[PDB]
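Quick notes on the structure that follows.
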Amino acid sequence: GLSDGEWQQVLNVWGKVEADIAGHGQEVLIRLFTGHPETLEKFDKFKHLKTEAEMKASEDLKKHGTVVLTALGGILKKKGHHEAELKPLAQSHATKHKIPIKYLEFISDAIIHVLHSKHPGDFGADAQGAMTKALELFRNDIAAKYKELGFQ
Ligand code: HEM
């Protein structure tokens, strides 16, 4: 649950992402894959990537980064009223991709890391607080659907 002022911070930060969605999406996935190499094994189309240089050179990884952040941005713009947008993603990630909630924690922290890396000194403590709360809400509502499905 976020206040109006917190949502305003989230959507202000998101403007930074929308200026370069592919570059942000690429770096988020690279941070996930290099920090948590077990996550790469869930992607049949990226498991061939052995080095970060190959990851950086992969145009399909940048494409998928655009898909991921476009979906997340659509959810964030609903300011919590995201049941219709979130349900299909919860279902596909639990039942088809088999993504444990832990990996959603990993990618949430990766987003925070990338924002500081690309905007050092321009991602203030209030903005980090609000973005963190928004990603916690996203993860918590996914977790509720995971529990319904019995997925661990
Ligand atoms: C912010 C969190 C995430 C968002 C918004 C997101 C979004 C998406 C979307 C929109 C798709 C394509 C449609 C679909 O299959 O539902 C997708 C596919 C997929 N996601 Fe995610 N995802 C997220 C996190 C993760 C994480 C953490 C993992 C694994 C560590 C993951 C694994 C996958 C896989 C394996 C696919 C299929 C890729 C393919 O072969 O095309 N997702 N995701």
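To be explicit about the labels: the chains of the structure tokens are called A, B, and onward in the order shown, and within each one the residues are counted from 1, while ligands get numbers from 1 in the order they are shown.
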Stretch 87-89 of chain A environment, 9 Å, only C-alpha atoms, sequence neighbours closer than 3 positions dropped, as a list in words: residues 71, 82, 83, 84, 92, 93, 94, 141, 142 and 145 of chain A
Residue neighbourhood stretch 20-26 of chain A, 6 Å, only C-alpha atoms, exclusion window fewer than 6 positions, as a ChimeraX atom specification: /A:62,65-66
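Compared by their closest atoms to ligand 1, and using only C-alpha atoms and all ligand atoms, the residues A:72, A:115, A:28, A:131 rank with A:72 nearest.
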Give me, as a tab-separated table, each residue of chain A that comes within 9 Å of ligand 1, together with its shortest interatomic pair and the distance in Å at one decimal, counting only C-alpha atoms and all ligand atoms, with rows ordered by chain and rising residue number.
```
residue	atom	partner	partner_atom_place_in_ligand_line	distance
A:29	CA	ligand 1	27 (C)	8.6
A:32	CA	ligand 1	30 (C)	7.6
A:33	CA	ligand 1	30 (C)	8.1
A:36	CA	ligand 1	30 (C)	8.7
A:38	CA	ligand 1	30 (C)	7.9
A:39	CA	ligand 1	30 (C)	4.3
A:40	CA	ligand 1	30 (C)	6.6
A:41	CA	ligand 1	30 (C)	8.1
A:42	CA	ligand 1	35 (C)	5.0
A:43	CA	ligand 1	35 (C)	4.3
A:44	CA	ligand 1	40 (O)	6.0
A:45	CA	ligand 1	40 (O)	5.7
A:46	CA	ligand 1	40 (O)	8.3
A:64	CA	ligand 1	41 (O)	7.4
A:65	CA	ligand 1	7 (C)	8.8
A:67	CA	ligand 1	10 (C)	5.5
A:68	CA	ligand 1	7 (C)	4.2
A:69	CA	ligand 1	5 (C)	6.0
A:70	CA	ligand 1	5 (C)	7.5
A:71	CA	ligand 1	5 (C)	5.0
A:72	CA	ligand 1	5 (C)	4.4
A:73	CA	ligand 1	5 (C)	8.1
A:75	CA	ligand 1	5 (C)	8.2
A:86	CA	ligand 1	5 (C)	8.7
A:88	CA	ligand 1	16 (O)	6.5
A:89	CA	ligand 1	16 (O)	4.8
A:90	CA	ligand 1	16 (O)	7.9
A:91	CA	ligand 1	16 (O)	7.7
A:92	CA	ligand 1	16 (O)	4.9
A:93	CA	ligand 1	20 (N)	6.3
A:96	CA	ligand 1	15 (O)	7.7
A:97	CA	ligand 1	35 (C)	5.1
A:98	CA	ligand 1	32 (C)	7.9
A:99	CA	ligand 1	29 (C)	5.4
A:100	CA	ligand 1	30 (C)	7.8
A:101	CA	ligand 1	27 (C)	8.0
A:102	CA	ligand 1	27 (C)	8.1
A:103	CA	ligand 1	27 (C)	4.6
A:104	CA	ligand 1	27 (C)	4.6
A:105	CA	ligand 1	27 (C)	7.7
A:106	CA	ligand 1	27 (C)	6.8
A:107	CA	ligand 1	27 (C)	5.4
A:108	CA	ligand 1	1 (C)	6.7
A:111	CA	ligand 1	1 (C)	8.5
A:135	CA	ligand 1	1 (C)	8.1
A:138	CA	ligand 1	1 (C)	8.3
A:139	CA	ligand 1	2 (C)	8.4
```
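Proximity to residue A:27 was assessed for A:123, A:148, A:118, A:5 counting only C-alpha atoms; the smallest distance is recorded for A:118.
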Close residues, residue A:6 itself excluded, 10 Å, only C-alpha atoms, min 6 positions apart in chain, as a PyMOL selection string: chain A and resi 12+79+126-127+129-131+133-134
Generate the output file for the selected residues, N, CA and C atoms, as a PDB file, in the first residue's frame.
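File written: selection03.pdb
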```
ATOM      1  N   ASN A  12       7.833   9.133 -11.238  1.00  0.00           N
ATOM      2  CA  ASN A  12       8.940  10.011 -11.601  1.00  0.00           C
ATOM      3  C   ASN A  12      10.208   9.212 -11.899  1.00  0.00           C
ATOM      4  N   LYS A  79      -0.868   1.940 -10.292  1.00  0.00           N
ATOM      5  CA  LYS A  79      -0.850   2.385  -8.897  1.00  0.00           C
ATOM      6  C   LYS A  79      -1.574   1.405  -7.975  1.00  0.00           C
ATOM      7  N   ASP A 126      14.199   9.043  -0.768  1.00  0.00           N
ATOM      8  CA  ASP A 126      12.745   8.941  -0.859  1.00  0.00           C
ATOM      9  C   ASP A 126      12.324   8.138  -2.081  1.00  0.00           C
ATOM     10  N   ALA A 127      13.009   8.348  -3.202  1.00  0.00           N
ATOM     11  CA  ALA A 127      12.706   7.628  -4.434  1.00  0.00           C
ATOM     12  C   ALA A 127      13.021   6.144  -4.286  1.00  0.00           C
ATOM     13  N   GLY A 129      12.937   4.524  -1.444  1.00  0.00           N
ATOM     14  CA  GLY A 129      11.905   3.996  -0.572  1.00  0.00           C
ATOM     15  C   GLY A 129      10.633   3.661  -1.326  1.00  0.00           C
ATOM     16  N   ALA A 130      10.199   4.555  -2.204  1.00  0.00           N
ATOM     17  CA  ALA A 130       8.928   4.359  -2.887  1.00  0.00           C
ATOM     18  C   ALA A 130       9.040   3.252  -3.927  1.00  0.00           C
ATOM     19  N   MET A 131      10.138   3.219  -4.674  1.00  0.00           N
ATOM     20  CA  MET A 131      10.340   2.146  -5.641  1.00  0.00           C
ATOM     21  C   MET A 131      10.402   0.787  -4.973  1.00  0.00           C
ATOM     22  N   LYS A 133       8.965  -0.092  -2.147  1.00  0.00           N
ATOM     23  CA  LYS A 133       7.623  -0.462  -1.722  1.00  0.00           C
ATOM     24  C   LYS A 133       6.779  -0.926  -2.897  1.00  0.00           C
ATOM     25  N   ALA A 134       6.933  -0.292  -4.057  1.00  0.00           N
ATOM     26  CA  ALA A 134       6.166  -0.709  -5.224  1.00  0.00           C
ATOM     27  C   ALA A 134       6.565  -2.102  -5.685  1.00  0.00           C
TER      28      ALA A 134
END
```
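Across A:149, A:80, A:95, A:113, the tightest approach to residue A:3 is made by A:80 when counting only C-alpha atoms.
We find atom CA of residue A:119 and atom CA of residue A:59 to be spaced 23.3 Å apart.
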If you run DSSP over the backbone, which residues in stretch 94-146 of chain A end up alpha helix (DSSP H)? Put them as a PDB file with N, CA, C and O atoms, in the first residue's frame.
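Okay, result.pdb is ready:
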```
ATOM      1  N   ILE A 101       9.566 -17.484  -6.241  1.00  0.00           N
ATOM      2  CA  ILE A 101       9.404 -16.105  -5.788  1.00  0.00           C
ATOM      3  C   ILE A 101      10.741 -15.484  -5.413  1.00  0.00           C
ATOM      4  O   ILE A 101      10.944 -14.277  -5.588  1.00  0.00           O
ATOM      5  N   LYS A 102      11.680 -16.299  -4.923  1.00  0.00           N
ATOM      6  CA  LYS A 102      13.024 -15.813  -4.621  1.00  0.00           C
ATOM      7  C   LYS A 102      13.648 -15.092  -5.808  1.00  0.00           C
ATOM      8  O   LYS A 102      14.344 -14.084  -5.637  1.00  0.00           O
ATOM      9  N   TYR A 103      13.424 -15.593  -7.021  1.00  0.00           N
ATOM     10  CA  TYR A 103      14.043 -14.947  -8.177  1.00  0.00           C
ATOM     11  C   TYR A 103      13.397 -13.603  -8.470  1.00  0.00           C
ATOM     12  O   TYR A 103      14.038 -12.721  -9.061  1.00  0.00           O
ATOM     13  N   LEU A 104      12.129 -13.436  -8.082  1.00  0.00           N
ATOM     14  CA  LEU A 104      11.478 -12.134  -8.186  1.00  0.00           C
ATOM     15  C   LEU A 104      12.037 -11.151  -7.172  1.00  0.00           C
ATOM     16  O   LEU A 104      12.109  -9.947  -7.453  1.00  0.00           O
ATOM     17  N   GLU A 105      12.456 -11.645  -6.005  1.00  0.00           N
ATOM     18  CA  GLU A 105      13.216 -10.819  -5.078  1.00  0.00           C
ATOM     19  C   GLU A 105      14.543 -10.401  -5.706  1.00  0.00           C
ATOM     20  O   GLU A 105      14.925  -9.229  -5.644  1.00  0.00           O
ATOM     21  N   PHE A 106      15.270 -11.359  -6.303  1.00  0.00           N
ATOM     22  CA  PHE A 106      16.543 -11.037  -6.947  1.00  0.00           C
ATOM     23  C   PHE A 106      16.369  -9.933  -7.989  1.00  0.00           C
ATOM     24  O   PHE A 106      17.147  -8.977  -8.026  1.00  0.00           O
ATOM     25  N   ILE A 107      15.360 -10.046  -8.861  1.00  0.00           N
ATOM     26  CA  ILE A 107      15.235  -9.039  -9.915  1.00  0.00           C
ATOM     27  C   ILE A 107      14.787  -7.692  -9.354  1.00  0.00           C
ATOM     28  O   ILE A 107      15.146  -6.634  -9.893  1.00  0.00           O
ATOM     29  N   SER A 108      14.033  -7.700  -8.257  1.00  0.00           N
ATOM     30  CA  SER A 108      13.631  -6.450  -7.628  1.00  0.00           C
ATOM     31  C   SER A 108      14.846  -5.693  -7.117  1.00  0.00           C
ATOM     32  O   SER A 108      14.996  -4.488  -7.363  1.00  0.00           O
ATOM     33  N   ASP A 109      15.737  -6.395  -6.412  1.00  0.00           N
ATOM     34  CA  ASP A 109      16.953  -5.750  -5.937  1.00  0.00           C
ATOM     35  C   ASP A 109      17.854  -5.343  -7.098  1.00  0.00           C
ATOM     36  O   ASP A 109      18.538  -4.318  -7.013  1.00  0.00           O
ATOM     37  N   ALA A 110      17.840  -6.100  -8.202  1.00  0.00           N
ATOM     38  CA  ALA A 110      18.649  -5.730  -9.360  1.00  0.00           C
ATOM     39  C   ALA A 110      18.182  -4.414  -9.962  1.00  0.00           C
ATOM     40  O   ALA A 110      18.997  -3.620 -10.442  1.00  0.00           O
ATOM     41  N   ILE A 111      16.870  -4.178  -9.970  1.00  0.00           N
ATOM     42  CA  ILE A 111      16.345  -2.912 -10.479  1.00  0.00           C
ATOM     43  C   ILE A 111      16.873  -1.745  -9.652  1.00  0.00           C
ATOM     44  O   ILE A 111      17.303  -0.725 -10.202  1.00  0.00           O
ATOM     45  N   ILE A 112      16.866  -1.882  -8.323  1.00  0.00           N
ATOM     46  CA  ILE A 112      17.386  -0.827  -7.459  1.00  0.00           C
ATOM     47  C   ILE A 112      18.859  -0.590  -7.750  1.00  0.00           C
ATOM     48  O   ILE A 112      19.306   0.560  -7.853  1.00  0.00           O
ATOM     49  N   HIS A 113      19.627  -1.671  -7.908  1.00  0.00           N
ATOM     50  CA  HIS A 113      21.054  -1.565  -8.192  1.00  0.00           C
ATOM     51  C   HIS A 113      21.309  -0.818  -9.495  1.00  0.00           C
ATOM     52  O   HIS A 113      22.185   0.052  -9.570  1.00  0.00           O
ATOM     53  N   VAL A 114      20.561  -1.163 -10.546  1.00  0.00           N
ATOM     54  CA  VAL A 114      20.771  -0.549 -11.851  1.00  0.00           C
ATOM     55  C   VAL A 114      20.406   0.928 -11.809  1.00  0.00           C
ATOM     56  O   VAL A 114      21.065   1.762 -12.438  1.00  0.00           O
ATOM     57  N   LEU A 115      19.344   1.287 -11.083  1.00  0.00           N
ATOM     58  CA  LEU A 115      18.978   2.699 -11.005  1.00  0.00           C
ATOM     59  C   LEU A 115      20.098   3.528 -10.378  1.00  0.00           C
ATOM     60  O   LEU A 115      20.429   4.619 -10.870  1.00  0.00           O
ATOM     61  N   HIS A 116      20.718   3.023  -9.310  1.00  0.00           N
ATOM     62  CA  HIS A 116      21.838   3.752  -8.724  1.00  0.00           C
ATOM     63  C   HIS A 116      23.034   3.772  -9.659  1.00  0.00           C
ATOM     64  O   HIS A 116      23.779   4.755  -9.693  1.00  0.00           O
ATOM     65  N   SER A 117      23.245   2.697 -10.418  1.00  0.00           N
ATOM     66  CA  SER A 117      24.421   2.625 -11.276  1.00  0.00           C
ATOM     67  C   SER A 117      24.320   3.589 -12.453  1.00  0.00           C
ATOM     68  O   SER A 117      25.323   4.186 -12.862  1.00  0.00           O
ATOM     69  N   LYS A 118      23.123   3.748 -13.013  1.00  0.00           N
ATOM     70  CA  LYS A 118      22.923   4.596 -14.180  1.00  0.00           C
ATOM     71  C   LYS A 118      22.595   6.028 -13.811  1.00  0.00           C
ATOM     72  O   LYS A 118      22.776   6.919 -14.647  1.00  0.00           O
ATOM     73  N   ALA A 125      16.911   9.047  -1.523  1.00  0.00           N
ATOM     74  CA  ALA A 125      16.447   8.099  -0.522  1.00  0.00           C
ATOM     75  C   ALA A 125      14.930   7.952  -0.543  1.00  0.00           C
ATOM     76  O   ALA A 125      14.416   6.849  -0.365  1.00  0.00           O
ATOM     77  N   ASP A 126      14.199   9.043  -0.768  1.00  0.00           N
ATOM     78  CA  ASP A 126      12.745   8.941  -0.859  1.00  0.00           C
ATOM     79  C   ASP A 126      12.324   8.138  -2.081  1.00  0.00           C
ATOM     80  O   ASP A 126      11.411   7.297  -1.996  1.00  0.00           O
ATOM     81  N   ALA A 127      13.009   8.348  -3.202  1.00  0.00           N
ATOM     82  CA  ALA A 127      12.706   7.628  -4.434  1.00  0.00           C
ATOM     83  C   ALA A 127      13.021   6.144  -4.286  1.00  0.00           C
ATOM     84  O   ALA A 127      12.248   5.292  -4.744  1.00  0.00           O
ATOM     85  N   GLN A 128      14.140   5.808  -3.637  1.00  0.00           N
ATOM     86  CA  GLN A 128      14.429   4.405  -3.370  1.00  0.00           C
ATOM     87  C   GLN A 128      13.366   3.795  -2.471  1.00  0.00           C
ATOM     88  O   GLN A 128      12.926   2.664  -2.702  1.00  0.00           O
ATOM     89  N   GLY A 129      12.937   4.524  -1.444  1.00  0.00           N
ATOM     90  CA  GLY A 129      11.905   3.996  -0.572  1.00  0.00           C
ATOM     91  C   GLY A 129      10.633   3.661  -1.326  1.00  0.00           C
ATOM     92  O   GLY A 129      10.058   2.588  -1.148  1.00  0.00           O
ATOM     93  N   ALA A 130      10.199   4.555  -2.204  1.00  0.00           N
ATOM     94  CA  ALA A 130       8.928   4.359  -2.887  1.00  0.00           C
ATOM     95  C   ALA A 130       9.040   3.252  -3.927  1.00  0.00           C
ATOM     96  O   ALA A 130       8.139   2.414  -4.050  1.00  0.00           O
ATOM     97  N   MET A 131      10.138   3.219  -4.674  1.00  0.00           N
ATOM     98  CA  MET A 131      10.340   2.146  -5.641  1.00  0.00           C
ATOM     99  C   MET A 131      10.402   0.787  -4.973  1.00  0.00           C
ATOM    100  O   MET A 131       9.822  -0.186  -5.471  1.00  0.00           O
ATOM    101  N   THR A 132      11.087   0.701  -3.837  1.00  0.00           N
ATOM    102  CA  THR A 132      11.163  -0.555  -3.108  1.00  0.00           C
ATOM    103  C   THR A 132       9.777  -1.011  -2.673  1.00  0.00           C
ATOM    104  O   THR A 132       9.429  -2.188  -2.831  1.00  0.00           O
ATOM    105  N   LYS A 133       8.965  -0.092  -2.147  1.00  0.00           N
ATOM    106  CA  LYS A 133       7.623  -0.462  -1.722  1.00  0.00           C
ATOM    107  C   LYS A 133       6.779  -0.926  -2.897  1.00  0.00           C
ATOM    108  O   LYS A 133       5.983  -1.863  -2.761  1.00  0.00           O
ATOM    109  N   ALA A 134       6.933  -0.292  -4.057  1.00  0.00           N
ATOM    110  CA  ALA A 134       6.166  -0.709  -5.224  1.00  0.00           C
ATOM    111  C   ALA A 134       6.565  -2.102  -5.685  1.00  0.00           C
ATOM    112  O   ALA A 134       5.702  -2.896  -6.077  1.00  0.00           O
ATOM    113  N   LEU A 135       7.863  -2.413  -5.674  1.00  0.00           N
ATOM    114  CA  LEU A 135       8.298  -3.754  -6.058  1.00  0.00           C
ATOM    115  C   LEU A 135       7.898  -4.791  -5.019  1.00  0.00           C
ATOM    116  O   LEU A 135       7.630  -5.946  -5.372  1.00  0.00           O
ATOM    117  N   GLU A 136       7.827  -4.404  -3.740  1.00  0.00           N
ATOM    118  CA  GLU A 136       7.347  -5.318  -2.712  1.00  0.00           C
ATOM    119  C   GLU A 136       5.883  -5.645  -2.914  1.00  0.00           C
ATOM    120  O   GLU A 136       5.477  -6.804  -2.764  1.00  0.00           O
ATOM    121  N   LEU A 137       5.080  -4.641  -3.266  1.00  0.00           N
ATOM    122  CA  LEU A 137       3.665  -4.873  -3.536  1.00  0.00           C
ATOM    123  C   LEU A 137       3.482  -5.802  -4.724  1.00  0.00           C
ATOM    124  O   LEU A 137       2.667  -6.733  -4.673  1.00  0.00           O
ATOM    125  N   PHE A 138       4.239  -5.573  -5.795  1.00  0.00           N
ATOM    126  CA  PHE A 138       4.204  -6.434  -6.972  1.00  0.00           C
ATOM    127  C   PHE A 138       4.534  -7.872  -6.596  1.00  0.00           C
ATOM    128  O   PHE A 138       3.802  -8.808  -6.946  1.00  0.00           O
ATOM    129  N   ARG A 139       5.612  -8.061  -5.840  1.00  0.00           N
ATOM    130  CA  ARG A 139       6.041  -9.396  -5.433  1.00  0.00           C
ATOM    131  C   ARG A 139       5.021 -10.043  -4.509  1.00  0.00           C
ATOM    132  O   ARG A 139       4.793 -11.267  -4.577  1.00  0.00           O
ATOM    133  N   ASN A 140       4.413  -9.250  -3.625  1.00  0.00           N
ATOM    134  CA  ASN A 140       3.488  -9.810  -2.651  1.00  0.00           C
ATOM    135  C   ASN A 140       2.209 -10.285  -3.327  1.00  0.00           C
ATOM    136  O   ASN A 140       1.651 -11.334  -2.968  1.00  0.00           O
ATOM    137  N   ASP A 141       1.731  -9.536  -4.311  1.00  0.00           N
ATOM    138  CA  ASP A 141       0.539  -9.961  -5.028  1.00  0.00           C
ATOM    139  C   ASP A 141       0.833 -11.165  -5.911  1.00  0.00           C
ATOM    140  O   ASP A 141      -0.025 -12.041  -6.059  1.00  0.00           O
ATOM    141  N   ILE A 142       2.034 -11.258  -6.485  1.00  0.00           N
ATOM    142  CA  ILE A 142       2.414 -12.496  -7.166  1.00  0.00           C
ATOM    143  C   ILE A 142       2.436 -13.652  -6.174  1.00  0.00           C
ATOM    144  O   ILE A 142       1.937 -14.746  -6.466  1.00  0.00           O
ATOM    145  N   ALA A 143       3.009 -13.427  -4.989  1.00  0.00           N
ATOM    146  CA  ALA A 143       3.122 -14.482  -3.987  1.00  0.00           C
ATOM    147  C   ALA A 143       1.757 -15.030  -3.611  1.00  0.00           C
ATOM    148  O   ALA A 143       1.613 -16.233  -3.335  1.00  0.00           O
ATOM    149  N   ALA A 144       0.744 -14.167  -3.561  1.00  0.00           N
ATOM    150  CA  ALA A 144      -0.594 -14.635  -3.223  1.00  0.00           C
ATOM    151  C   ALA A 144      -1.105 -15.600  -4.280  1.00  0.00           C
ATOM    152  O   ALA A 144      -1.710 -16.633  -3.958  1.00  0.00           O
ATOM    153  N   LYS A 145      -0.857 -15.286  -5.550  1.00  0.00           N
ATOM    154  CA  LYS A 145      -1.257 -16.177  -6.636  1.00  0.00           C
ATOM    155  C   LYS A 145      -0.442 -17.460  -6.634  1.00  0.00           C
ATOM    156  O   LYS A 145      -0.975 -18.542  -6.903  1.00  0.00           O
ATOM    157  N   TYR A 146       0.851 -17.373  -6.326  1.00  0.00           N
ATOM    158  CA  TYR A 146       1.647 -18.585  -6.175  1.00  0.00           C
ATOM    159  C   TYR A 146       1.068 -19.497  -5.099  1.00  0.00           C
ATOM    160  O   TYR A 146       1.015 -20.717  -5.284  1.00  0.00           O
TER     161      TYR A 146
END
```
d(atom CA of residue A:19, atom CA of residue A:63) in Å: 15.5 Å
